[PDB]
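*Asks:* What follows is a protein structure lacking sequence information:
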């Protein structure tokens, strides 16, 4: 109902960068307030903050294993190379249309 | 005409014994006194040269090799005109009277069909297909067309001509495609694969021989066990070892075929030794294979050395799959090869991309190359993947 009253891949990636700066701007502004001047009573929240950092924010220990996890990404390019060639299937069929137009002309 | 075709075929190459060409020459002179074999022997000297080509008395004047027994003496020389009067002057006048009296239709067609078989023994091929064309217009049902496709097939069988004969064999099925029973439907496809064995299309034509020879035989030209050696050698040649257990080694016809004669030594000695993965006794069975099977048989000797290059790489390839690493003392000190003599077999196979193997020249540890999870998904995908843009831009870049 609100959609009627108000009224792809690149746009979906635009919201990704907005979430990346959200990770940067939230931690820097908050952490700098606890440290340096005016230390509030804390270390109760700090236990939850560092709970995110343990698990380039995550793990470099899987770098050797990451290449095995990246294999699925390499597999996606195996078929996509033919999928890009599958566009030439219609591209070659559409060549018959214009060639037929030259015959009718 | 299979007797003179199979026995006199030894006139091409026989390195085994001298009496092989002599014993087979007796059947040539025995069968020629009844029906005329003259056009067959004339082509034997016109096909292969500087071997048996000098044995003919009159073609050009020559004498050579070991064979004085194949010739036309003063008897058959005078009989040359005697057979021509009976096969032409006598037969054509009887059929000519049938067209004047107007007796029957298919009976007159069978007269030209039966007469056309004599032109194969004459040696004039222009009148051979001409008489069959006269009966072609008179042929109504498929009963008269049975002997038509047989006589045309003899033109490539008797004269060994695979060029002009295959065009007429395909013209019968292409113009009117029926086939009738599945028996004849396999006959039109059998003659198609025969002329493809001359150009050596390998598993394409050879796969139909093991199916046809294991079911029905024409029985007019030869027997069941005489030409059975063609499917016995090509059975393990074309078919992979995986399916040899459910087809070759266990068969209703083949297992009863080995009891007929000992001249096969393929579906029994070679099949059991290959299924048992024992190459110690498998190799000495090949010693009597080429000699007593491939050489005497016609279509098998057309390949000869073409068999081993495919077979020699396959016998070791199946052994490499059963072990990660083998030992040189097993190959060099035991079964089929010595140390230094091993470089000749597997040395030329690997650069041809036929197989992947590693041999150690120090410790003597054979290593097998296993693609593991690669296979055709990664390496072979790049090879045949380039053919996508190769065949597309070949004739596509020029438009029309």
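*Replies:* Yep, it's here. Residues are numbered from 1 along each chain as shown, chains lettered A, B, ... in the order given.

*Asks:* which parts of chain A sit against chain B?
*Replies:* A:78, A:81-82, A:85, A:88, A:92, A:95, A:99 (CB under 8 Å from any CB of the partner chain). To be clear about C-beta, it is placed using only N, CA and C from the backbone, and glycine gets the same treatment.

*Asks:* 10 Å - rerun?
*Replies:* Contact residues (CB under 10 Å from any CB of the partner chain) of chain A with chain B: A:71, A:74-75, A:78, A:81-82, A:84-85, A:88-89, A:91-92, A:95, A:98-99, A:102-103.

*Asks:* Helices of chain A, residue ranges please.
*Replies:* Applying DSSP state H to chain A gives helices spanning A:2-6, A:9-34, A:46-54, A:63-69, A:71-104.

*Asks:* what does the stretch 101-250 of chain B give?
*Replies:* Taking DSSP state H, counting those that start in this stretch to define them, one finds helices in the stretch 101-250 of chain B at B:106-122, B:126-138, B:146-158, B:164-175, B:182-198, B:203-212, B:228-238.

*Asks:* Can you name every helix or strand that the first one contacts?
*Replies:* If contacts are counted by 3 or more CB pairs under 10 Å, 6 or more residues apart in numbering or on different chains; DSSP states H and E, helix B:106-122 sits against helix B:38-47, helix B:74-84, helix B:90-101, helix B:126-138, helix B:146-158.

*Asks:* quick check: angle from it to helix B:126-138?
*Replies:* 160 degrees (axes from the mean of the first three to the mean of the last three CA atoms, to 10 degrees).

*Asks:* one step back: make CSV from the helices of chain A and add mean neighbour count to it.
*Replies:* Listed next are the helices of chain A as CSV, based on neighbours: other CB atoms under 10 Å in any protein chain shown:
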stretch, mean neighbour count
helix A:2-6, 6
helix A:9-34, 10
helix A:46-54, 10
helix A:63-69, 9
helix A:71-104, 10
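
*Asks:* Of all those, which one is nearest residue B:19?
*Replies:* Proximity to residue B:19 (CB to CB) singles out helix A:71-104 among these, at 63.1 Å.

*Asks:* which residue does chain A bring closest to chain B?
*Replies:* Nearest residue of chain A to chain B: residue A:85, at 5.2 Å (CB to the nearest CB).

*Asks:* Spatially, and excluding backbone neighbours, which residue is closest to that residue.
*Replies:* Leaving out its chain neighbours, the residue that sits closest to residue A:85 by CB to CB, 6 or more residues apart in numbering or on different chains is residue B:388, at 5.2 Å.

*Asks:* Thought residue A:82 was touching the one you found, still the case?
*Replies:* Yes - Residue B:388 is within contact range of residue A:82, at 7.5 Å (criterion: CB atoms under 10 Å).

*Asks:* so which helix or strand takes in whichever residue of the stretch 251-400 of chain B sits closest to chain A?
*Replies:* Nearest residue of the stretch 251-400 of chain B to chain A (CB to the nearest CB) works out as residue B:388 at 5.2 Å. Here residue B:388 sits within helix B:387-396, counting by DSSP states H and E.

*Asks:* relative orientation of that helix and helix A:71-104 in degrees?
*Replies:* Going by the same axes, to 10 degrees, helix B:387-396 makes 10 degrees with helix A:71-104.

*Asks:* residue contacts, residue 88?
*Replies:* By default, I'm working from chain A. A:82, B:388-389, B:392-393, B:396 (CB atoms under 10 Å, 6 or more residues apart in numbering or on different chains).

*Asks:* oops, chain B please
*Replies:* Counting by CB under 10 Å, 6+ apart, residue B:88 touches B:115, B:118-119, B:122, B:124, B:127.

*Asks:* if I look at it, how far off is residue B:94?
*Replies:* In this view, residue B:88 and residue B:94 are 11 Å apart by CB to CB, to the nearest Å.

*Asks:* swap in residue A:26?
*Replies:* On the measure of CB to CB, residue A:26 and residue B:94 end up 112 Å apart.

*Asks:* Could you do residue B:317 as well?
*Replies:* Taking CB to CB, one finds residue B:317 at 63 Å from residue B:94.

*Asks:* hmm, back to that, shared neighbours of residue B:88 and residue B:94, which are they?
*Replies:* In contact with both residue B:88 and residue B:94: residue B:115, using CB under 10 Å, 6+ apart.

*Asks:* Please give me every residue in contact with the residue in chain B sticking out farthest from the centre.
*Replies:* Centroid-distance maximum for chain B: residue B:101 at 45.7 Å, with CA atoms, centre = their mean. Applying CB under 10 Å, 6+ apart to residue B:101 gives no contacts.

*Asks:* Also the one 3 residues further on?
*Replies:* Contacts for residue B:104 were tallied using CB under 10 Å, 6+ apart; they are B:98, B:110-111, B:138.

*Asks:* possible to save those residues as JSON lines with neighbour count?
*Replies:* As requested, those are exported to JSON lines (neighbours: other CB under 10 Å):
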{"residue": "B:98", "neighbour count": "14"}
{"residue": "B:110", "neighbour count": "17"}
{"residue": "B:111", "neighbour count": "22"}
{"residue": "B:138", "neighbour count": "17"}
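
*Asks:* ok, so of those, who is nearest chain A?
*Replies:* Of all the contacts of residue B:104, residue B:138 has the smallest distance to chain A: 45.7 Å, by CB to the nearest CB.

*Asks:* How about the closest one, nearest residue that isn't a chain neighbour?
*Replies:* Nearest non-adjacent residue to residue B:138, counting by CB to CB, 6+ apart: residue B:109, 3.7 Å away.

*Asks:* residue contacts, that neighbour?
*Replies:* Here residue B:109 is in contact with B:132, B:134-140, B:143-145, B:147-148 (criterion: CB under 10 Å, 6+ apart).

*Asks:* mind running it again at 6 Å?
*Replies:* Shown in contact with residue B:109 (CB atoms under 6 Å, 6 or more residues apart in numbering or on different chains): B:135, B:138-139, B:144.

*Asks:* Quick check: closest non-adjacent residue to residue B:127.
*Replies:* That would be residue B:119: by CB to CB, 6+ apart, it lies 5.4 Å from residue B:127.
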